[PDB]
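Presented below is the structure to which this report refers.
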Amino acid sequence: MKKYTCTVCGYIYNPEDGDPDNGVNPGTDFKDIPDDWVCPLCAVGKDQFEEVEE
Ligand SMILES: [Fe+3]
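According to PDB author numbering, the sequence shown holds residues 1 to 54 in order.
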């Protein structure tokens, strides 16, 4: 699965880690994160995130 980055504050969502404190378990693909989830650091929504392609 791919890593996504918050383009506002640079936080990186890593699907291996998830975001367990806010209910996103390890192994969750970004597309499957509930759409009301917000960046843990700057609180912007998913629509300001982009795939980390390489
Ligand atoms: Fe952010």
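In this text, a Cβ means the ideal position worked out from N, Cα and C, and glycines have one as well.
Cα atoms of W37 and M1: separation of roughly 18 Å, rounded to the nearest angstrom. Counting the other CB atoms within 10 Å of its CB gives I33 a total of 16 or more, which places it among the buried residues. Rounded to whole angstroms, the gap between the alpha carbons of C6 and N14 is 11 Å. Taking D17 as reference, the option from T28, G10 and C9 with the minimal CA-CA separation is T28.
Between the C-alpha atoms of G10 and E54 there is a straight-line separation of about 16 Å.
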